[PDB]
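Take a look at the structure below.
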Amino acid sequence: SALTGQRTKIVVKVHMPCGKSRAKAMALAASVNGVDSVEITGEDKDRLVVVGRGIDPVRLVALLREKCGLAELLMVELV
Amino acid sequence: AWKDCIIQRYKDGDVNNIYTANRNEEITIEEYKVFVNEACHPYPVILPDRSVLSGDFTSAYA
């Protein structure tokens, strides 16, 4: 893919209006190949920060979108 | 799921961080070394910032 071998931070806005859906969305992101850590951020706790190496961002957003309805990729960045 | 274990980190009453790990892997959470054993349990349980670690196999099996 486009980020093969690269350490990326990927920020996704996800519909997660309660603690149950936040736990579910983090676990979903964590299941994507290459993901090392997931963090919930934003004052409304509505963004996942996904960090890893070789992450396929297409697969990550597609999976979040299918299981939570709304998910949008805000940025991909190196670190 | 691509690794054996999910490690949850409780801070100030909530889980806002999780980490992937294989059995018997050493990982780093922030600047802290963590050992995840063969039952996916993390050590140390209490990190120096007093956050608490909990681990289990992913729902995609061991």
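Points to keep in mind about this one:
- Restricting attention to the range A:1-21, the residues that are in contact (Cβ under 8 Å) with a residue 12 or more places away in the chain and part of a helix (DSSP H, G or I) add up to 1.
- Matching residues in the range B:1-17 - criterion: being over 15 Å from B:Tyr43 (Cβ atoms) and in contact with a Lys or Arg (Cβ under 7 Å, 6 or more places away or on another chain): B:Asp4, B:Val15, B:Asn17
- Taken as a whole, the condition of being closer than 20 Å to B:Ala60 by Cβ, free of Cβ contacts under 8 Å to residues at least 12 places away in the same chain, assigned to a helix (DSSP H, G or I) and within 12 Å of chain B (Cβ to nearest Cβ) does not apply to A:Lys24.
- Number of the exception - A:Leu74 against (1) in contact (Cβ under 8 Å) with a residue 40 or more places away in the chain; (2) buried (at least 17 other Cβ atoms within 10 Å of the Cβ); (3) among the hydrophobic types (A, V, I, L, M, F, W, C): (2)
- Residues located in the range B:2-15, provided they are over 15 Å from A:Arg53 (Cα atoms), within 11 Å of another protein chain (Cβ to nearest Cβ) and either touching a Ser or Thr at 6+ places or on another chain (Cβ under 8 Å) or crowded, with 21+ Cβ neighbours inside 10 Å (or both): B:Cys5, B:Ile6, B:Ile7, B:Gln8, B:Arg9, B:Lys11
Here is a yes/no grid of residues against (1) over 19 Å from B:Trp2 (Cα atoms); (2) within 13 Å of chain B (Cβ to nearest Cβ); (3) crowded, with 16+ Cβ neighbours inside 10 Å; (4) not acidic (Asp, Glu):
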| site | (1), (2), (3), (4) |
| --- | --- |
| A:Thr4 | no, no, no, yes |
| A:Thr8 | no, no, yes, yes |
| A:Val35 | no, yes, yes, yes |
| A:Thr41 | yes, yes, no, yes |
| A:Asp46 | yes, yes, yes, no |
| A:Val51 | no, yes, yes, yes |
| A:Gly54 | no, yes, no, yes |
| A:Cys68 | yes, no, yes, yes |
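- Within the range B:16-38, restricting attention to residues that are polar (S, T, N, Q) and at the interface with chain A (Cβ under 8 Å from one of its Cβ atoms), the residue that is farthest from the chain's Cα centre (by Cα) is B:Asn16.
- Evaluation of B:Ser59 against (1) of a type outside the set (D, E, K, R); (2) surrounded by 12 or more Cβ atoms within 10 Å (Cβ to Cβ); (3) more than 8 Å from the chain's Cα centre (by Cα) (one fails), failing number: (2)
- If the condition is being polar (S, T, N, Q) and part of a strand (DSSP E or B), then the range A:27-58 contributes A:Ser37, A:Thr41.
Here Cβ is always computed from backbone atoms with ideal geometry, including for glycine, and neighbour counts include all displayed protein chains. Taken together, the values in this text are just the output of simple stated rules run on the coordinates, not laboratory data.
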